[PDB]
Amino acid sequence: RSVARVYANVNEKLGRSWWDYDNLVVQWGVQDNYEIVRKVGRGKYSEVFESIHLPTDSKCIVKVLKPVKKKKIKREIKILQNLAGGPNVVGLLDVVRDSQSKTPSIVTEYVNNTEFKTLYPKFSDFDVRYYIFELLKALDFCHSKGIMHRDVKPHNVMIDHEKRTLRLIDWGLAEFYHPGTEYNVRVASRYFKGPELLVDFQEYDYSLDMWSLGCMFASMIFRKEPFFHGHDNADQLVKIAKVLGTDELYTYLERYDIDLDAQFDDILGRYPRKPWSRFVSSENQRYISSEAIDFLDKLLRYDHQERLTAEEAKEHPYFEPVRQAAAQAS
Ligand SMILES: Nc1ncnc2c1ncn2[C@@H]1O[C@H](COP(=O)(O)OP(=O)(O)NP(=O)(O)O)[C@@H](O)[C@H]1O
Ligand SMILES: [Mg+2]
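Residue numbers (this note's numbering): 719 to 1048.
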């Protein structure tokens, strides 16, 4: 059904030691070396707190995991250990657990983050090109290591704007890419789910992350959050269809031999492609460029195989200002 355009063989080249997270022995740190200070975040399967590594008296983040299954915890630790030292990936400090209840926690570095609703409007056209390019660097890295984030979204992209640093967090939905594996379609957030998730296509790959990157980016440059605002998973496909059109939806379904569920014929309707230029307004005009639109259009495609790769996106003309600045700076 589907094999990824790039990095399909990475898990085969790296060993079983690289992806067999079931057989992982965790060298737990000392729970009592960490003191929890204040709650800074929460998730469906987690609670997050700013904390102190007491021996060093240094700030960090402790994420208390509620296990869906023990195996899921091994996957997240395995992936963080594997991605260590990679550009703009959140740094893993420790894994610990309570001795009595055996509840685990992950200790990562603290990032001084501004809420995206507050931070995104403050950005210039250059900032967006720079921060999206920094995010590409992570996506490319972890894709090149045979890993899919599967929850790329603003909430899992911490940015310190004074430092001009970016870290991708929340690897709890990250899974290893094995060619032809049916993966679970109940991944990502509603507004960043890819068309493949919405139609229950299971043989997806690292391109899922690029569609979501495009939802994110479209949100920044059009100043609309979220860009695709479906009320449920069915409405989410309808909202995507009203922009991309259903002429290209049907050839994509036909191309991938997906029969749509019967619920959709009642609500899907018939829609023409809405051009990207109709989303341009006075408020979001600063972000708008002909490079930005072209770049967005090569992310937001029904067919995952037509999406730009993270490596390909970096060479896009939209980022050339970012590349030029970095070359001249050094
Ligand atoms: N390194 C960090 N620095 C600063 N804040 C962080 C850091 N890691 C996590 N947070 C905050 O904690 C929140 C929740 O973290 P996250 O790991 O996404 O939790 P979760 O339980 O997996 N939530 P969800 O994404 O909904 O599945 C984030 O949205 C951040 O605001
Ligand atoms: Mg999670």
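Every residue, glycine too, gets a C-beta built ideally from N, C-alpha and C.
Taking 8 Å as the cut-off, is the CB of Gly890 close to at least one heavy atom of ligand 2? By 1-based counting over the sequence shown, the position of residue 890 is 172. Flag set: Cβ of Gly890 near ligand 2.
Residue interval of the alpha helix (DSSP H) (run including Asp1015): For the purposes of this step, residue 1015 is taken as the residue at position 297 of the sequence shown. Residues 1008 to 1015.
Report the three-state DSSP secondary structure of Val956 (helix, strand or coil). Stepping through the sequence shown from its first residue, residue 956 is reached at position 238. Helix at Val956.
According to DSSP, simplified to helix, strand and coil, what is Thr826? For the purposes of this step, residue 826 is taken as residue 108 along the sequence shown, with counting starting at 1. Three-state result, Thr826: strand.
Could you tell me the distance, in whole angstroms, from the CA atom of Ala1010 to the CA atom of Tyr1036? In the sequence shown, the residue the question calls residue 1010 occupies position 292. In the sequence shown, the residue the question calls residue 1036 occupies position 318. About 6 Å.
CB-CB under 6 Å to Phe851, same chain, minus the five flanking residues each way: which ones, in chain order? On the sequence shown, position 133 is the one that residue 851 refers to. Cβ within range, chain order: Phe1037, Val1040.
At the level of alpha carbons, what is the spacing between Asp1021 and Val814? In the sequence shown, residue 1021 corresponds to position 303, counting from 1. In the sequence shown, residue 814 corresponds to position 96, counting from 1. Using only the alpha carbons, I get a separation of about 41 Å.
Ligand 2 heavy atoms versus the CB of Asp869: any closer than 8 Å? As a first step, residue 869 must be located in the sequence shown, where it is residue number 151. Answer for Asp869: yes, Cβ within range of ligand 2.
Span of the beta strand (DSSP E), counted from its first residue to its last, around residue 1051: What the structure shows of the chain is the stretch from 719 to 1048, and residue 1051 is not part of that stretch, so it cannot be assessed.
Once DSSP output is grouped into helix, strand and coil, what is the label at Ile770? Locating residue 770 in the sequence shown gives position 52, counting from the first residue. Of the three classes helix, strand and coil, the one that applies to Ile770 here is strand, per DSSP.
What alpha helix (DSSP H) runs, 4 residues minimum, are completely inside the region 969 to 997? 981 to 986
If you follow the alpha helix (DSSP H) that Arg793 is part of, which residue opens it and which one closes it? To locate residue 793, count along the sequence shown from 1; it is residue 75. Segment 788 to 800, the alpha helix (DSSP H) holding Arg793.
Whether or not the region 860 to 867 and the region 886 to 904 are in contact is what I'm after, with contact meaning three or more pairs of Cβ atoms, one per stretch, closer than 8 Å; do they touch? yes
Less than 8 Å separating the Cβ of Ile770 from some heavy atom of ligand 1? Mapped onto the sequence shown, residue 770 falls at position 52. No - ligand 1 has no heavy atom lying nearer than 8 Å to the Cβ of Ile770.
Quick check: the region 819 to 834 against the region 773 to 783, are at least 3 beta-carbon pairs closer than 8 Å? The region 773 to 783, when compared against the region 819 to 834, does touch it at the 8 Å Cβ threshold.
Could you give the first and the last residue of the continuous beta strand (DSSP E) run that contains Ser930? For the purposes of this step, residue 930 is identified with residue 212 of the sequence shown, where counting begins at 1. Segment 925 to 940 is the alpha helix (DSSP H) holding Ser930; no beta strand (DSSP E) there.
Can you list, in chain order, the residues of its chain with a C-beta nearer than 6 Å to that of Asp878? Leave out the 5 residues immediately preceding and following it. As a first step, residue 878 must be located in the sequence shown, where it is residue number 160. So the list reads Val829, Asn830, once near-sequence residues are dropped.
Please determine, among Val782, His771, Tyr901, the residue with the shortest C-alpha to C-alpha distance to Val758. Working through the sequence shown from its first residue, we reach residue 758 at position 40. Nearest of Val782, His771, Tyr901 to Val758, Cα basis: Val782.
DSSP on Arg1019, reduced to helix/strand/coil? Along the sequence shown, one-based indexing puts residue 1019 at 301. Correct three-state label for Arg1019: coil.
Starting from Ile887, trace the alpha helix (DSSP H) both ways and give me its first and last residue. Taking the sequence shown and counting its residues from 1, the one referred to as residue 887 is at position 169. Taken as a continuous stretch (DSSP letters only), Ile887 belongs to no alpha helix (DSSP H), as it is neither H nor E.
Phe1013 and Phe940 - do their beta-carbons sit closer together than 9 Å? Within the sequence shown, the letter at position 222 stands for residue 940. Within the sequence shown, the letter at position 295 stands for residue 1013. Going by C-beta atoms, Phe940 is not nearer than 9 Å to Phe1013.
Short Cβ contact (9 Å threshold) for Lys1016 with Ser930: Taking the sequence shown and counting its residues from 1, the one referred to as residue 1016 is at position 298. Taking the sequence shown and counting its residues from 1, the one referred to as residue 930 is at position 212. No, Cβ-Cβ distance for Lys1016 and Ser930 is not below 9 Å.
Considering only the beta carbon of each residue, do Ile976 and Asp953 sit closer than 9 Å? Within the sequence shown, the letter at position 258 stands for residue 976. Within the sequence shown, the letter at position 235 stands for residue 953. If you check the CB distance, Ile976 and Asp953 do not come in under 9 Å.
Between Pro897 and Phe859, is the Cβ-Cβ spacing less than 9 Å? On the sequence shown, position 179 is the one that residue 897 refers to. On the sequence shown, position 141 is the one that residue 859 refers to. No, these two residues do not count as a Cβ contact at 9 Å.
Report whether the distance from the Cβ of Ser764 to the nearest heavy atom of ligand 2 is below 8 Å. In the sequence shown, counting from the first residue as 1, residue 764 sits at position 46. Yes, ligand 2 has a heavy atom inside 8 Å of this Cβ.
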